[PDB]
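# sharing the initial chains of the complex here, in place:
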Amino acid sequence: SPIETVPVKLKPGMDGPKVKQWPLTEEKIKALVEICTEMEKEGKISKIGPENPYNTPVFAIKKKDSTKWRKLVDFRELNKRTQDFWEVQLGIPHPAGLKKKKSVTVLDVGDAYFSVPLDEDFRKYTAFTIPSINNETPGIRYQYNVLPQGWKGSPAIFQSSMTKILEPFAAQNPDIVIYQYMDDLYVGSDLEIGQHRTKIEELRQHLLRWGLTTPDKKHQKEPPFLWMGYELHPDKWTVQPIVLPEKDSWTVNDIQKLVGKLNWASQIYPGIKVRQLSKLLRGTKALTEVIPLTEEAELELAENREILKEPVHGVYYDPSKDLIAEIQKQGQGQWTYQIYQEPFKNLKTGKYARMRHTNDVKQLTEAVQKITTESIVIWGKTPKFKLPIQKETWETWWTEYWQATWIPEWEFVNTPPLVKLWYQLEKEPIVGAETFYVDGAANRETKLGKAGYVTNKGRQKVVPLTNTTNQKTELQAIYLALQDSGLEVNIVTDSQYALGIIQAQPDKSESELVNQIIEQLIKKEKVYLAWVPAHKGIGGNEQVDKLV
């Protein structure tokens, strides 16, 4: 087309591909020349002389088993030498971000890449050859004049050509919206249907003068649109139907393919859980080791099939209405959220899961962060937050937390479960309370350990432990001091690890020991933890390290 070419270079210090044109079967050698005369006639290729020292393999295969054969060129050896281009669009638009339009039209341009010229000085590095039967004659040389299929620069060069070709039309039509994507155009507008259809036909004539085909008789698609695994309806959107396979034997591969569909459906179907099903894949290396569905896992998968029973939909974005996001805690480091502008229709939904034994408030903050990032990408603004946490509860946490934490506009939502601080240590030691001097120790080789304590009133204990580390005994010592003390106790440990886990104020952990310590801390009334350097002869502690 009369489109202006884009100048292309080879990677610095390289030369064109000189590959081996391996001989091909007879019936194919005919089918190829039958295309290269119809493609040469249409100007997409051009026979060349001997001066061209480069070449690229050429193959042939059937069209899904049909009439017309198809040509195929393996440019993998040329793509390795062409310069990098601007990366084409990574992500795709989310339907929840789109705005309702009176009409939408989908235009698929066929032959996209072949309708766009290729920079002149760069056409020799696309030369190829057709094999003479039994090497009887010299090879029929050739070379492309347009963007070849499967070339490093084709998608990016086509995109910027389309964008330029739309500029003269988008200027004379500031009322219609065109989004691009690969070979597709998506035209929206608030024009009455009679108008809309004339604009589309005149957009086609525009693109047709630039040498780009488009559907005419009846636009290839009609609403709803099945696009990129979505169902786009004139006034709602939803994911294409999900199919959870009924199987009595799963494989590590099929759990990935199932957790995928579940995450996918989670963007509009509220309540989907994947913690138990992805808990299976933690220890994965091999792909086919059949996995038992854990009893817990099976429940989740049953509860998901219950949510997927009836379909649900999401609305489109209205820039004139506030943007609201609400968060609910599922249970075990599992959070769920819906983003909406109206009470009975969500823009979209989603879930946050915490990996890496944190507490509820910090998890909530991380969730608000995940949602804020997504909002920006989709709608360009941050939503207001309805959060299940008391304002006083949160002011207490971020005030004493060691990290800086941003809290955007939010108001309390009295919907259980609630987020609260289950316990708080004392900032200064307690009076009239016993003082336990705990300590612990184990053996890395044998894995035999012991924990104990020594109080000021003279009380002492020591317990033997098997199958522990010099770390789990440090927490076992504090647990002992909590079981054998009153409702107010001062504890003194010589372990920054234990002091770190406890000062982190967790409400759940991936270890059963810490859960029992949290249970005790809840039952207590005042607990002051304190730290002192080990093996320094301080006092009170020097006598407990000797016991253990």
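Yep, it's here. Numbering: from 1, shown residues only, chains lettered A, B, ... in the order given.
# residue contacts, residue A:433?
A:486, A:488-490, A:526, A:528 (C-beta atoms under 8 Å, 6 or more residues apart in numbering). All C-beta spots, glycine's among them, are computed from the backbone N, C-alpha and C.
# so which of the residues you listed sit within strands?
Members of the contacts of residue A:433 lying in strands (criterion: DSSP state E): A:488-490, A:526, A:528.
# of these, closest to residue A:472?
Set against residue A:472, the nearest of those by C-beta to C-beta is residue A:489 (21.0 Å).
# list the beta-bridge partners for that closest one.
With DSSP bridges applied, residue A:489 shows beta-bridge pairing to residue A:434, residue A:527.
# how far away is it from residue A:539?
19 Å (C-beta to C-beta, to the nearest Å).
# next: residue A:362.
Distance from residue A:362 to residue A:539, by C-beta to C-beta: 36 Å.
# neighbour count winner among the two?
Each of residue A:362 and residue A:539 has its neighbours counted (other C-beta atoms under 10 Å); residue A:362 has more, 18 against 9.
# mind checking the SS state of the more buried one?
The three-state label given to residue A:362 by DSSP: H, G, I helix; E, B strand; the rest coil is helix.
# can you tell me which residues contact it?
Contacts of residue A:362 by C-beta under 8 Å, 6+ apart are A:397, A:401.
# the one 5 residues further on now?
If you count contacts by C-beta under 8 Å, 6+ apart, residue A:367 has them with A:327, A:335, A:337, A:352.
# for the residue most central in space within chain A, give me phi and psi.
The residue lying closest to the centre of chain A (C-alpha atoms, centre = their mean) is residue A:263, at 9.4 Å. Main-chain dihedrals, residue A:263, degrees, to the nearest 10: phi -60, psi -40.
# chain B goes on too:
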Amino acid sequence: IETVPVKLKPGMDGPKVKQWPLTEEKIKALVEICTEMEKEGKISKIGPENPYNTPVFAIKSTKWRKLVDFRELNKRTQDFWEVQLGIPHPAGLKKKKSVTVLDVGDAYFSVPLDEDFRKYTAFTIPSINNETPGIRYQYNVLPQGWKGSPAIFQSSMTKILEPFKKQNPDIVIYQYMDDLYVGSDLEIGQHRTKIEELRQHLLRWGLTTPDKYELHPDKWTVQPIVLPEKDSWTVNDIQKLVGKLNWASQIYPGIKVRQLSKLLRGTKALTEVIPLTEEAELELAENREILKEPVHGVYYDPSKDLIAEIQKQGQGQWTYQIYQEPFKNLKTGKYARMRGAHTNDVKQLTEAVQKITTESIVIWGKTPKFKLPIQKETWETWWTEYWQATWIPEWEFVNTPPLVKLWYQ
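Alright, chain B goes in next:
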């Protein structure tokens, strides 16, 4: 005029950093700024054969400034341009009583940029919801943020400044990126008029400066550690004191605690007031004196990088230390933001990162790499909301908290 050729380090290829998602408000402010810049020839649109990219942001006043993050291009260029075209750092700037920072970044927009180098300055204006490919420009003139800009413009700055340097052989002047740091010893009233002089001297030579900020580096030192001063001492006070003094041993060797460890021989209760022995008091006074004196053997190494560690202290108070090897503090301070509850944590951390960077520029001529106490995504999202500087320091995010919080307060 003829353009200064610019080359990359052998083997280095241009920057290819992704463009962060921006608020619609900011995206519009950028489209407006860039349409005005293309009109004046400062930047031009490019095709897909330009593969490089550099993040852009919108900061602030009421006018929207555009801030290009050139950190990646500076590592690939300014290195061989602090060498080939370095700007020396005066060791007398930190001594002046007052130091004002003048913005002179508008001078670079007249000087053209090398023809073969412009492709490495590309950036993208993002679209919301991945709806359009994105608007791509490249620079035709020396960009702000790039370090090769003040390096190339160096000779012109020396020429425009020499008439002023003659009538003021005492005023120190230093150029870092887009700023001019000028330090004097005059009274504040005198210094402030000497600043308006230079502003007018610069303006009548063609360099506008948007003014129509002053530090005092004579107090900048390594702050002394503070032991608690108490009338009576409990077993817990002595324990917090023995622990902190045991920590201080890593910095000031020669601390003694044996005399203070004997005052806790028995396993006494935590709230048991214990009077201090005669031998005990020898150390609490002997250790408070070895700790009021600076450290020995702490020197700035110019071949290494500067490391700044910050820690939140509570009630709008932050402590920080700048070092190069652990426990060898070149500088320690205390940023406090009086806002009367009109600021948050992220706002305060941002102001601190800028006060620390400005301090680091005056003292050493380069900025430190920060270890920030904040979630990565939280910072990567809200830092532009309070950024008022034109440079951007390198940073990373602290993973575990400090059990040494009160050990700096």
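# just to revisit the earlier point, what's the neighbour count on the closest residue to the residue nearest to the centre of chain A other than its chain neighbours?
Distance criterion C-beta to C-beta, 6 or more residues apart in numbering or on different chains; nearest residue to residue A:263, sequence neighbours excluded, is residue A:274 at 6.4 Å. Applying other C-beta atoms under 10 Å in any protein chain shown, we find 19 residues neighbouring residue A:274.
# how close does residue A:274 get to residue A:494?
Counting by C-beta to C-beta, the gap from residue A:274 to residue A:494 is 42 Å.
# circling back: so the residue nearest to residue A:263 touches residue A:258, yeah?
No: the pair formed by residue A:274 and residue A:258 falls short of the contact definition of C-beta atoms under 8 Å, at 9.2 Å.
# need the overlap of contacts for the two.
Contact criterion C-beta atoms under 8 Å, 6 or more residues apart in numbering or on different chains; no residue bridges residue A:274 and residue A:258 by contacting each.
# give me the number of residues near residue B:35?
Burial of residue B:35 is recorded as 10 neighbouring residues (other C-beta under 10 Å).
# for it, give its distance to chain A.
Residue B:35 sits at a distance of 15 Å from chain A (criterion: C-beta to the nearest C-beta, to the nearest Å).
# so who does residue B:282 touch?
Neighbour list for residue B:282: residue B:259 [criterion: C-beta under 8 Å, 6+ apart].
# near chain B, which residues of the stretch 1-150 of chain A are found?
For the stretch 1-150 of chain A, the residues in contact with chain B (C-beta under 8 Å from any C-beta of the partner chain) are A:6-9, A:83-94, A:97-98.
# buried subset of these?
For the residues of the stretch 1-150 of chain A next to chain B, a neighbour count by 16 or more other C-beta atoms under 10 Å in any protein chain shown gives the buried set as A:6, A:8, A:84-86, A:89, A:92-94, A:97-98.
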